[PDB]
Amino acid sequence: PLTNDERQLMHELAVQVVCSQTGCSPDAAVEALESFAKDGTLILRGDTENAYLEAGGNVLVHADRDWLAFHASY
């Protein structure tokens, strides 16, 4: 399972993705992600190779699990 710090890092990467694709501000992107969370479609999951953050059935972020563990723990 993903740790709290790993989930936090995936959320920060998702905010970056939303800002990049929409030109919006980080606060705006956080609001949109929170809307997905309230609808129950903000899904964080992992397999032995990658972690994924999905919003509304679409993958916003995928990160190598070793890279994510390193950057979340150090």
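Along the sequence shown, the residues carry numbers beginning at 1. Basis for what follows: all heavy atoms, side chains included, without hydrogens, waters or symmetry-related copies.
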Those residues at least two apart in sequence (or on a different chain) that pass side chain to side chain contact (heavy atoms under 4.5 Å, CB included) with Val61 are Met10, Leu13, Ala14, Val17, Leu53

Excluding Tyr74, membership of its hydrophobic cluster (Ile, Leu, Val, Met, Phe, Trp, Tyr; side-chain heavy atoms within less than 4.5 Å) reads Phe70

Rounded to the nearest 0.5 angstrom, the CG-NE2 distance for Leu42 and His11 is 7.0 Å

For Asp66, the side chain to side chain contact (heavy atoms under 4.5 Å, CB included) test, sequence neighbours excluded, returns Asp64

With sequence neighbours left out, the residues meeting side chain to side chain contact (heavy atoms under 4.5 Å, CB included) with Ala29 are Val15, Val18, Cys19, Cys24

Decide whether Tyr52 and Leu68 are clustered together by the hydrophobic rule: side chain heavy atoms of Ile, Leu, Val, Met, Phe, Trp, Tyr closer than 4.5 Å, transitively.
no

To the nearest 0.5 Å, atom CG of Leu2 lies from atom CZ of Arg65 at 5.0 Å

Between the CG atom in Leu33 and the OG1 atom in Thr41, the distance rounded to the nearest 0.5 Å is 10.0 Å

Answer yes or no: are there more than 12 heavy-atom neighbours, outside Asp47 itself, under 6.0 Å from its atom CG?
yes

Taking every heavy atom of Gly56 against every heavy atom of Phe36, the minimum-distance pair comes out as N-CD2, 3.7 Å

By side chain to side chain contact (heavy atoms under 4.5 Å, CB included), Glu54 pairs with (sequence neighbours left out) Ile43, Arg45, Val59

Residues 6-24 vs salt bridge (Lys or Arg N to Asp or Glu O under 4.0 Å), sequence neighbours excluded, gives none

